[PDB]
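Scroll down for the structure; my scribbles are underneath it.
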There are 4 protein chains.
Amino acid sequence: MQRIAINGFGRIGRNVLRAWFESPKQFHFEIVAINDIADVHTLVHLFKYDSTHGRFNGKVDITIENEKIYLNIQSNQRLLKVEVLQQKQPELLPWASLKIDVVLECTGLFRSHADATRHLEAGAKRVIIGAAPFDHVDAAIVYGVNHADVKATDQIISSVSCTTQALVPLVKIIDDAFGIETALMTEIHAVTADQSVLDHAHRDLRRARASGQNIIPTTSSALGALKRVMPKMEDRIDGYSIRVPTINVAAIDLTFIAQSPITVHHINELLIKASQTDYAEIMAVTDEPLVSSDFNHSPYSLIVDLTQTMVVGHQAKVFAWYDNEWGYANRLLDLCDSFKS
Amino acid sequence: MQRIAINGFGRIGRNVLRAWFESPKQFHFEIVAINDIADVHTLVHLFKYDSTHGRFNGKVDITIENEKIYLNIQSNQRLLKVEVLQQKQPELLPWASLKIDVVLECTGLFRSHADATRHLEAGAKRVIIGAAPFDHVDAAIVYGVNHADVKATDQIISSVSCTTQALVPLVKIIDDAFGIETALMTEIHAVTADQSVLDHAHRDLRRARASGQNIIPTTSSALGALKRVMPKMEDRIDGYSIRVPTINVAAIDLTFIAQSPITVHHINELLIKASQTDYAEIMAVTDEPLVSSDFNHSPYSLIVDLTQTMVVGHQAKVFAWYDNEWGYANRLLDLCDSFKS
Amino acid sequence: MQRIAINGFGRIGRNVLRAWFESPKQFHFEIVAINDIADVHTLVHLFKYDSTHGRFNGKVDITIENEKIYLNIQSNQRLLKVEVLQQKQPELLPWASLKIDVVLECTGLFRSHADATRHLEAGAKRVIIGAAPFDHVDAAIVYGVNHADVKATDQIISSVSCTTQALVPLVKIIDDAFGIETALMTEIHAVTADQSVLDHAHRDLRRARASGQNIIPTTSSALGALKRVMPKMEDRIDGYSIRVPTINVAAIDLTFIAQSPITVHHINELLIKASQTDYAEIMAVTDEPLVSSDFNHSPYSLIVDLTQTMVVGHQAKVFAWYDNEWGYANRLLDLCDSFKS
Amino acid sequence: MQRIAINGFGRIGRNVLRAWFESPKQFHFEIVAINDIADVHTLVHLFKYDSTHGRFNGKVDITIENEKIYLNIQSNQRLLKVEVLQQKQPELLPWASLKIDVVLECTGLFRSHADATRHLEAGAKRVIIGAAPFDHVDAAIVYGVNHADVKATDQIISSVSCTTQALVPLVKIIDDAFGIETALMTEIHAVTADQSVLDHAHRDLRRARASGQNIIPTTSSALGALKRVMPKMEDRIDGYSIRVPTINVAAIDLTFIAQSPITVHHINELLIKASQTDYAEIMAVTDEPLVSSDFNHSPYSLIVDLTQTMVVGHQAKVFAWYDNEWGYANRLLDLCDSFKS
Ligand SMILES: NC(=O)c1ccc[n+]([C@@H]2O[C@H](COP(=O)([O-])OP(=O)(O)OC[C@H]3O[C@@H](n4cnc5c(N)ncnc54)[C@H](O)[C@@H]3O)[C@@H](O)[C@H]2O)c1
Ligand SMILES: NC(=O)c1ccc[n+]([C@@H]2O[C@H](COP(=O)([O-])OP(=O)(O)OC[C@H]3O[C@@H](n4cnc5c(N)ncnc54)[C@H](O)[C@@H]3O)[C@@H](O)[C@H]2O)c1
Ligand SMILES: NC(=O)c1ccc[n+]([C@@H]2O[C@H](COP(=O)([O-])OP(=O)(O)OC[C@H]3O[C@@H](n4cnc5c(N)ncnc54)[C@H](O)[C@@H]3O)[C@@H](O)[C@H]2O)c1
Ligand SMILES: NC(=O)c1ccc[n+]([C@@H]2O[C@H](COP(=O)([O-])OP(=O)(O)OC[C@H]3O[C@@H](n4cnc5c(N)ncnc54)[C@H](O)[C@@H]3O)[C@@H](O)[C@H]2O)c1
Ligand SMILES: [Mg+2]
């Protein structure tokens, strides 16, 4: 019965903890610690009150022992006691004391294989970097696709990105059935926590601009990450992302060149079958006239909007929605649950 | 000189009149009447104050004369005296007595050949439908591409849409140089007037949804319209539009298969060259990391963002911005100006 | 028990029906009919999918029995079967046939005593106008304040407005304990369905302006409505509303002159004591550092934010939140429930 | 001429530089240096492209002479050569060499007398802190009210806040005419650069919350600041600020108890006369139904909205708009100009 810790109690970290309590299936592992540079009182406040996902439907108590700070959290007839830490430098964390089996690295600041190793030094056995790899990882994993390819010897793992976890299924499903010559991705994405309120100095001159006022083209880490999960598609895939002023939920627009005959009907039927069989854990398809809000708090890795499917000659476009926060958080727990032996 | 009337004093109609006063170049025609179902005081207020384009830099006085209502408008060293009408039925408009050469039909309600002809019945010599054709038109015109083909028998002209005026040049330039087998268009567009503030009954169930809260995929009239200007593109292009919570400015994302070798470098050089020569009146290209608000109040039909160009194999993506209100308005003025030398 | 109909399935009508299913209290009456000008498929879609309140957690099945349309709705262990009408004129509705005890009039168009009685002609026994009075009503009711005052002969009742149901308790509690010489109200309010997406002709020149871009001061009906509930406050109170770009939830800021000694502590203690006793059904008090989204889907008529209370000399300001949709809907259900024997 | 430096090239600093170029009448002093922690290319990009105020109508060329970085800026028939620094510690800046007469302190981080004096150590003869006094200042100045009270020996000056520069004139004008017993302010203010895009750890739990999604009550420095400027009003005035999802422009809502007879007419007439006589430089009054975006890029410290004025008994509300960025930036330049140039 494994022991998970979360480093970085932000949009992803907090949602991982909520999704644990809200899941209709109880997970076999326990989350037993969290860390963030903010104090516990700020953390509990933000865990309880969320502008995107609403009030946490449960009870949180804070316990100060002589040394340690704990949360006692109850919801949906489940209970966790969760040590809270406030240590900026992940090597100085007490992962050995706490017997931590997996650390979920959700800060965005420790994606290098070196930085992820800091958690290995502090005592943890295994790290899931919750982002695209910066350089080296023992594996890059998309739950529902290649999670069985985790070797019990692998110690630094990447759960890639929200975008990746939606792209890879699409690419795999379509490449297996029709063959993909090349494809280009357009992602339309809600604002993210690293953007700016008003125009302000920032590393990226596009993300420096007022996030509430602009359509903002930007890079996606998803293409680099898809190469690692499917090296057979090197040089065959590119794309980018566009930030717009919604609070949550994203869509992927994938345009590809088929290597065999295609119709709108054949593509949709294939995606329906995939969703009903081999991918039913992470994938759904709808034909209802829905918009982004309707997928807020959806646990799926992608939801294909089949009415958007288009074909001209050898070229086609498919479209899928996903909750970039709730889908990924759920896939993190699904991944941790897959290590059970 | 020519005598222009404007039917429907909305986003487009008001921006047409504003752009006449703001144009660096005076036009060789006059706007002599406007018609709306709204009261003159409402129209003058909205003409003077605009949430998108700022205050009209000028003065407006209402006078009554012979029981007719006029606006006297002074700005940028020009004055217009403009009759104001309030007739919901085009056939009952006094175009014959006003000696109207051109009606700009900007209501959205009279796009059919028969409906547009009502202005002809009322005595105007020529209508421009400020929208895509519904059924039939004498001619579908994109200024700077095929405005020279207008013949004196073309009485009902469609100036198509914002999107078509950006898409048609892109397709043409690229098809002429490299050849397009097929292409798919994704437009990312600011909210439009016909959308909803909150979820509300509406003919279209996606545009029924709260416009400030959602990413909303919907149809685009632009592909139908492009096919009327370039019939050879039938069955070779398709696309769709996405509404997002910004007030103004749109982007087109065009994905195509080239029929000859492409690189990013070569595509960009072609588009730059086009912008300097044959399409200098309507088209610019930038290489700066810009966002939508940077194009607000730009008069160009399109501004290629050369930093977004991508190529994999035979497949490319190009990206261009436009102010969907100010570009189109200026193109309506340009079209009228071309009607007599 | 008792049989209710809803005329107008908009933000209010739809949320009344949702709130029926969601209420922890089960109500001893049934909604047996809805009427809108829109078709049933649009209505069901909007009932199921909401940008503000999320997906309805339940199922709807549309059946045709006779030539009558019905919704079979199941949620929260509860079930209703509701006839669906599409009649634009209330006198033509089948209320006598259906044996309607109470019509909830939620269109906004039949607020006058004459228009409302059309339901009574059509066969309904009692109408509740879900809006401030236009001219005369038999009674103007704030649930939890003066609902005991409904006479069995009262046939045309007004449940006033969301703003009125926050304001009246506040004014009453404070005037009763300390005395209010005069007071002024500033409401800060989310956008409402009658506002504009872009600058558009509108009867109100302020509400003509782009609702996602602007702070928009406008009128509030709550002052007239309050004066019908409390005629003593004629000439002693005024105020206005400011619309800002949020989707739901509002706040009242009430500045009053006290007729007797006041402190922050004493005002807060009073409001707390009222919330715990005579007003526990409709009122809460918090001292947590919360924001508007934290009150979305709150059923309270008002939640006082005690940290905002200020006193200078004889002048004070109190501040209360409310979900302007969900509070009002629940108060409508509470009012209907109060009519039982 | 007099020689000014800007410390902190953000929303205020950048607008100060733009306002220099845009002012119809040329200022007779020059801005010769800017310092920020961000790289010069980021600074020049943000200076040229602004989501709120549009593109700079000018050209900027970056030059390296010696080991010094210079901005050569040309706009509106005016030229400046501006050294760019990147020194986080103000004691280390080369103000002695540059013979700086006045440093505009626009970072928000150096508001204490000791912090501001670091600029004096570096050789600057005078500092204007562009914010409320933190501990002590030689003078707290509202331009147009008490800028004449500056002494030649005053070295650390506060120009207070945008809010204070609107509040003080109102309080003063109304107090001088009718007498204010007490007053309470509500400010409705656009989002600021220190807020959050999504729910995020922050020192302040309300400003932690998604700024595009929420109404957020918070504190204002203006009340403390007004006390420094007008000591007689100790114990007579309080208030607070509310952040809402617009990008720029704020309003003051001021409720006061008057010590002599008042009417709406008399209050408005007073404010109009004040604006035409003693306050013409900094104040305007409108009687048209305007909204926030109509004041974007307005240089006034306050524009009174005479249609909002209300009176009940001895109590009154007045309402004023201001562009929080452009007003304050203009007032900084005017205060510098008041020292002679
Ligand atoms: N938000 C999404 O939609 C999404 C989806 C998939 C993956 N991701 C990835 O998740 C990661 C985090 O993103 P987020 O949206 O949760 O951002 P966030 O800013 O909400 O979370 C970052 C958190 O880390 C904390 N923190 C900062 N420095 C720290 C340190 N030294 N030690 C510990 N905690 C520290 C912050 O206080 C904060 O709570 C990134 O790699 C991001 O790319 C995000
Ligand atoms: N705004 C854009 O981005 C854009 C770009 C290109 C084309 N268009 C097209 O322009 C047309 C108008 O769109 P808009 O954005 O100006 O919309 P709008 O709703 O702002 O304009 C419609 C106007 O027509 C008036 N009107 C309605 N019925 C009338 C009647 N019977 N007679 C006279 N006036 C009447 C209304 O009062 C309103 O002023 C549409 O066909 C639209 O597709 C819009
Ligand atoms: N939403 C709020 O915050 C709030 C709170 C209190 C009171 N109110 C009041 O309630 C009323 C309705 O407001 P709303 O927000 O629900 O508006 P809405 O526009 O969302 O709903 C109006 C509904 O009435 C329907 N309708 C129109 N004409 C009809 C007819 N002849 N017969 C039947 N149905 C018809 C429309 O199709 C629509 O579904 C207004 O008077 C409003 O001021 C609103
Ligand atoms: N924006 C408004 O409406 C407004 C109005 C009145 C007063 N103010 C005040 O003006 C100040 C600045 O606010 P702003 O809106 O310009 O914010 P901002 O964040 O846009 O500007 C701050 C700037 O300072 C720079 N900076 C940070 N640390 C620095 C350092 N050590 N040395 C030099 N430069 C450094 C940052 O890179 C940034 O460019 C604050 O005190 C604010 O309250 C703001
Ligand atoms: Mg909106």
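Here Cβ is always computed from backbone atoms with ideal geometry, including for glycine, and neighbour counts include all displayed protein chains. All of this is worked out from the model, or read from it or from the source named; none is laboratory data.
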Checklist entry - What is the residue count in the range A:41-85 for residues that are within 12 Å of chain D (Cβ to nearest Cβ), buried (at least 20 other Cβ atoms within 10 Å of the Cβ) and among the β-branched types (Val, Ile, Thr)? => result 1
Item to check | Whichever residue in the range D:117-153 is surrounded by fewer than 19 Cβ atoms within 10 Å (Cβ to Cβ), of a type outside the set (D, E, K, R) and touching a helix residue (DSSP H, G or I) at 6+ places or on another chain (Cβ under 6 Å) and, among such residues, is farthest from D:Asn15 (Cα to Cα) | outcome: D:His136
Checklist outcome for this item: Within the range C:88-104, residues in contact with a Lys or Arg (Cβ under 8 Å, 6 or more places away or on another chain) and buried (at least 20 other Cβ atoms within 10 Å of the Cβ) come out as C:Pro90, C:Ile100, C:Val102, C:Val103
Checklist outcome for this item: All conditions in (1) surrounded by fewer than 20 Cβ atoms within 10 Å (Cβ to Cβ); (2) in contact with an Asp or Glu (Cβ under 7 Å, 6 or more places away or on another chain) are true of B:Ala114 except (2)
Checklist entry - How about the range C:271-297: which of its residues are without any contact (Cβ under 8 Å) to a residue 40 or more places away in the chain and closer than 30 Å to D:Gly212 by Cβ? => result C:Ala284, C:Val285, C:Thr286, C:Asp287, C:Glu288, C:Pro289, C:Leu290, C:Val291, C:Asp294
Item to check | Members of the range C:307-341 found to be over 15 Å from C:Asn15 (Cα atoms), crowded, with 24+ Cβ neighbours inside 10 Å and of a type in the set (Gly, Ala, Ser), listed by number | outcome: C:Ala316, C:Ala320
Next on the checklist: Among the residues in the range A:267-274, are any surrounded by fewer than 19 Cβ atoms within 10 Å (Cβ to Cβ), away from chain D (no Cβ under 14 Å) and of a type in the set (S, T, N, Q)?
Outcome noted: yes
Checklist entry - Is there a residue in the range B:241-249 that is closer than 23 Å to A:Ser292 by Cα and of a type in the set (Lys, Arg)? => result yes
Item to check | Residues that are within 24 Å of the chain's Cα centre (by Cα) and within 16 Å of ligand 1 (Cβ to nearest atom), drawn from the range D:180-201 | outcome: D:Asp194, D:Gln195, D:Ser196, D:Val197
Checklist entry - What pairs come up if the first residue lies in the range C:237-266 and is within 7 Å of another protein chain (Cβ to nearest Cβ), the second is within 16 Å of ligand 4 (Cβ to nearest atom) and assigned to a strand (DSSP E or B), and their beta carbons are under 7 Å apart, counting only those six or more places apart or on different chains? => result C:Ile242/D:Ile188
Checklist entry - Would you call B:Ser241 surrounded by fewer than 19 Cβ atoms within 10 Å (Cβ to Cβ) and in contact with a helix residue (DSSP H, G or I) (Cβ under 8 Å, 6 or more places away or on another chain)? => result no
Next on the checklist: Checking the structure you have, find out if any residue of the range D:77-86 is away from ligand 3 (no atom under 16 Å from the Cβ), of a type in the set (S, T, N, Q), closer than 30 Å to A:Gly212 by Cβ and touching a helix residue (DSSP H, G or I) at 6+ places or on another chain (Cβ under 9 Å).
Outcome noted: yes
Next on the checklist: Out of the residues in the range B:211-225 meeting the condition of being more than 7 Å from chain A (Cβ to nearest Cβ) and of a type outside the set (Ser, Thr, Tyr), tell me which one is surrounded by the fewest Cβ atoms within 10 Å (Cβ to Cβ).
Outcome noted: B:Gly224
Checklist entry - Among the numbered criteria (1) crowded, with 19+ Cβ neighbours inside 10 Å; (2) closer than 30 Å to C:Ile262 by Cα; (3) more than 14 Å from chain B (Cβ to nearest Cβ), which single criterion is violated by C:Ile156? => result (2)
Checklist entry - Only one of C:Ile215, C:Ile237, C:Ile188, C:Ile247 is out of contact with any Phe, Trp or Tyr (no Cβ under 8 Å at 6 or more places or on another chain), in the same structural domain as C:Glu269 (by TED's automatic domain parsing) and within 16 Å of ligand 4 (Cβ to nearest atom); which? => result C:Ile215
Checklist entry - Where residues in the range A:309-333 are in contact (Cβ under 8 Å) with a residue 12 or more places away in the chain and facing chain B (nearest Cβ under 9 Å), which of them is farthest from the chain's Cα centre (by Cα)? => result A:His314
Checklist entry - Out of the residues in the range B:275-291 that are within 14 Å of another protein chain (Cβ to nearest Cβ) and β-branched (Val, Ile, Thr), which is surrounded by the fewest Cβ atoms within 10 Å (Cβ to Cβ)? => result B:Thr286
Item to check | Qualifying positions in the range A:170-194 - within 9 Å of another protein chain (Cβ to nearest Cβ) and of a type in the set (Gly, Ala, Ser) | outcome: A:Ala183, A:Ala190, A:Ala193
Item to check | Residue selected from the range B:195-210 under the condition among the charged types (D, E, K, R) and at the interface with chain C (Cβ under 8 Å from one of its Cβ atoms), by the criterion nearest to ligand 3 (Cβ to nearest atom) | outcome: B:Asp199
Item to check | Residue count for the range B:270-306, restricted to those that are of a type in the set (A, V, I, L, M, F, W, C) and farther than 12 Å from B:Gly144 by Cα | outcome: 11
Next on the checklist: I need the full set of residues from the range D:235-270 which are assigned to a helix (DSSP H, G or I) and not hydrophobic (A, V, I, L, M, F, W, C), in order please.
Outcome noted: D:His265, D:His266, D:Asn268, D:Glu269
Checklist entry - What is the number of the single condition among (1) touching a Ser or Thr at 6+ places or on another chain (Cβ under 6 Å); (2) within 14 Å of chain D (Cβ to nearest Cβ); (3) outside any strand (DSSP E or B); (4) not hydrophobic (A, V, I, L, M, F, W, C) that C:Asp294 does not meet? => result (1)
Checklist entry - Is there a residue in the range D:176-193 that is under 19 Å from D:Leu333 (Cα atoms) and part of a loop (DSSP other than H, G, I, E, B)? => result no
